[PDB]
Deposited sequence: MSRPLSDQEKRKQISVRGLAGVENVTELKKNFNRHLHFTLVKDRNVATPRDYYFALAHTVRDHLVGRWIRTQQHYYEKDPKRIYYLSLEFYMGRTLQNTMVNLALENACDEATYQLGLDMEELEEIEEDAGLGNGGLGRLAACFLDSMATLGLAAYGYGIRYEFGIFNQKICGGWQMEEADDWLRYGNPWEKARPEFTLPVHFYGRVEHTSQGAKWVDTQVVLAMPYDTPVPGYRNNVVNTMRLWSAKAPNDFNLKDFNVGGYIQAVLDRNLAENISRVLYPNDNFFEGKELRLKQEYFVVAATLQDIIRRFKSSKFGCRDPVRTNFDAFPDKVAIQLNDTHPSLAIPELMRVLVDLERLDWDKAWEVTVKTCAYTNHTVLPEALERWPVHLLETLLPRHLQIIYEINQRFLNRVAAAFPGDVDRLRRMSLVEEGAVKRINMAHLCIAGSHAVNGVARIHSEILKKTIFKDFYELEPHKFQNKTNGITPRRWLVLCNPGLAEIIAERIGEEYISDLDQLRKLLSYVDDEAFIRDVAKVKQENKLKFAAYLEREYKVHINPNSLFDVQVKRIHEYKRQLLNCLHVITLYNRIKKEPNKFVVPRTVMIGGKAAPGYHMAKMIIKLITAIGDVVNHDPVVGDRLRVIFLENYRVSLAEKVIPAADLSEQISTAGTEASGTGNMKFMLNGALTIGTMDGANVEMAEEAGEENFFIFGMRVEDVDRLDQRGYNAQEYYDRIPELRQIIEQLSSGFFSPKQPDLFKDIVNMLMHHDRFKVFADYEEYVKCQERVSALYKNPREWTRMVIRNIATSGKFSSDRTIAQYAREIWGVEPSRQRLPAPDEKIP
């Protein structure tokens, strides 16, 4: 535990100091005595103690950026899926062993204390977690980078499983306070809504608006042992200063803007409140950007001093807002303001699913943001004039490329707005960025090919290796030193150890340790027992049809049915774990969760099966749980329909943590297999080309049903009520979608998936060879560090050079 060298030194004076400050905070901050103090009090005493170590560096870092005046990177996102902060802070400041020793001497278990901290669950999934990894990597790469978002009072809902169904409860993450953030009410800014436009003597004026205040809360973002501490600024909605009682209560309405994260993953819902949130972040953020620009030494130098990165189209209003500020308030001519805006802004796309893309009704924008709609129209007219000049007489292209979508309800295509108003547009994996240029944004790619880039996603090896899997980090460091922690390509050195008996032993030893620990977590927290001598088969990710948890379900039932047909036949024991949240209004996703639990109700209680197969639904999947389960996983399920998962990042986490991957050639799965060698991945199923071929002739699920007796058996089990005897018709909607309305072709990959899974079991029967393939995976996961990703953003889009150079 304390013997782990990647965890740093327990200096005698440092341990002394930590204990003193722990005790100081318990007394003065918590107002507690050792007689009444709870484990929670002790967590907070430690949190404040550790947080104190960020402050000096935090002040100096921001002073450094003022003095050096580097180009500043503003990462705008509606989501920051941060997770917990205590361990991350200790890791990045080299304090983990010292705090572990200090708390031990005080008679406390630091890991028990760590479990007390609430996740900052201010994200839905991959997009939100990407923002979080990016913040970490940008600090580690010494960039003057500023995360900007919303401080949701309630993050992603806490998931309860009750009667086998998902129940949602408010994620009250701030109940006991947040010891990391610093409230900055003095830097509160006004954000305007509604009102109307007056075009007058100077030009346009936005008047008669309703004001909502944006109160910033700043959170330190430590780089890895480089003395850099950057800032995440999250805005909180506040009623403006100035019958009676009802008027005071009605302050809640404005303040609702920052109340709760919209729980949609890869799905657009056009709620006005969501639009208000989106503008809230954009307006307040751009005020900071402009003010800071002005206090740095005329708007010709703006894109040399400012980069605005748009995480999806969610902060896309930054484009017309910047135009609004520059033209209406700063009084620049349109053309120069637009030159500045495009050079300043860049856009990252995260999906190709049409229903996941933002298309706001013009009426909503006209009412809420009349000046912005006017600016959008003008952007559109001039952009389409450029299209018309480049492609004379191509009228359909004009229609296709327009920011304005015609129809029953006229809408603004926010992605189109982003491409027009950005100098760079990127997808998040090679295949995805290619598909953007080929299909979705083909016309835009043809107009401006230089604009379109790829930035394959990454994950931080701090949180996602050193923090969550110190045992693996240690055995790696024992061989290759510690440099890999911020230079992950050095993991390639581990290929020299594929035949090393000691390393093979240790890789397997670490995995087993993680599996025992996760089993212990489930027993402690849920009284759920899992077979420690079973393959841990894990699919953790948001519940979506495209991600095909349903395909996993079909395979699980296949294993069950095969056991029942031939009970004497040996099979590799498995614990099949599926976890993830369904969006509250996503009926099918909610049914899918109930199916998983219902499958378990049969399988986990069939005495013929016993511990040979178990299916469990991991409740409340979130960042902190990912940190627990991923290091314990043997098999990583990455089985999206080819062409649907833009990148994935959970895949990267599994690869880095010693699981083998079963997956389709989709998103970053392709590059992962490329890095490791396809021989080291369990690749199966339709390629994008094959999916398109099925689309061309029409997908007929009935054909697969008719030709595959084992599939037929399962569908009939589902329909007849084998998995819901008390309500036979419970899964009729799932069965109907699969048979008649499956956009994601579950049946088409069933046979290949089942066969590929057989090969997984075949390799698992050979522990030595399983582990050797694992080594080949970990050793080639280096590309998927978010440091690599960020360095690319920095050099190819932002025009800044990253540096891992330590601050004094």
query: Regions left out of the model, expressed as runs of the deposited sequence counted from 1; finding: 1 to 10, 253 to 261, 317 to 325, 837 to 843
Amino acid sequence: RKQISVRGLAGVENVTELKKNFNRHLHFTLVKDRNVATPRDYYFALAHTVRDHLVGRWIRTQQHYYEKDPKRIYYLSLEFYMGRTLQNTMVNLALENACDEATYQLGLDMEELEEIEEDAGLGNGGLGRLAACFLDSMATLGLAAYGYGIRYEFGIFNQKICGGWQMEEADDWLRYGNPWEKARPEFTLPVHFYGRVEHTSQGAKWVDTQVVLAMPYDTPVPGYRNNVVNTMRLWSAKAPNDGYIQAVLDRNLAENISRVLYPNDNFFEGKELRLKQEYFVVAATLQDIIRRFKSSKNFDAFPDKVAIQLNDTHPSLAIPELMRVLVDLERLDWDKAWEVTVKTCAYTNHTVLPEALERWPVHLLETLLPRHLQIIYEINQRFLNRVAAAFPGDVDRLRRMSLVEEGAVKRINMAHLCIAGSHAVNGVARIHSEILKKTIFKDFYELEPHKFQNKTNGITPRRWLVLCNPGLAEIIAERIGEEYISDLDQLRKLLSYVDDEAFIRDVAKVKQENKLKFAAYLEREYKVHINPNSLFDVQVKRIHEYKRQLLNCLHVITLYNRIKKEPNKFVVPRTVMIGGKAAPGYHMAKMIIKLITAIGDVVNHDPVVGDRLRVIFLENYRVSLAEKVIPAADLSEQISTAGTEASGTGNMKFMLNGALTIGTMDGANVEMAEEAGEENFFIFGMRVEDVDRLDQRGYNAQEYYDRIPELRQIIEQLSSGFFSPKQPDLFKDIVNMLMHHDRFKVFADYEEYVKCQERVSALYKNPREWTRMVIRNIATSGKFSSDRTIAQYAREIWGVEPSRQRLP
From here on, numbers count along this sequence of modelled residues.
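We call the rigid core the largest set of C-alpha positions that still match within 1.5 Å between the two forms.
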| item | value |
| --- | --- |
| Between 351 to 359 and 522 to 530, larger RMS Cα displacement in 7 other deposited structures of this protein after core fit | 522 to 530 |
| RMS CA shift, core-fitted in 7 other deposited structures of this protein, bigger for 458 to 466 or for 387 to 395 | 387 to 395 |
| Across other compared entries, residue 297 missing in at least a third | yes |
| Mean Cα B-factor comparison, 122 to 130 or 93 to 101, giving the higher one as deposited | 93 to 101 |
| Between the two ranges 188 to 196 and 328 to 336, the one averaging a larger CA B factor in the entry | 328 to 336 |
| 643, 320, 580, 585, ranked by C-alpha B-factor: the highest one | 585 |
| Residue, from 391, 224, 464, 217, that the PDB entry assigns the highest Cα B-factor | 391 |
| Residue 692 - Cα temperature factor, lowest/middle/highest third of chain | highest |
| Lowest, middle or highest third - CA B-factor, residue 761 | middle |
| Third of the chain's Cα B-factor distribution that residue 107 belongs to, per the entry | highest |
| Third of the chain, ranked by Cα B-factor, where residue 23 sits | middle |
| Chain-wide C-alpha B factor ranking for residue 46, given as lowest, middle or highest third | lowest |
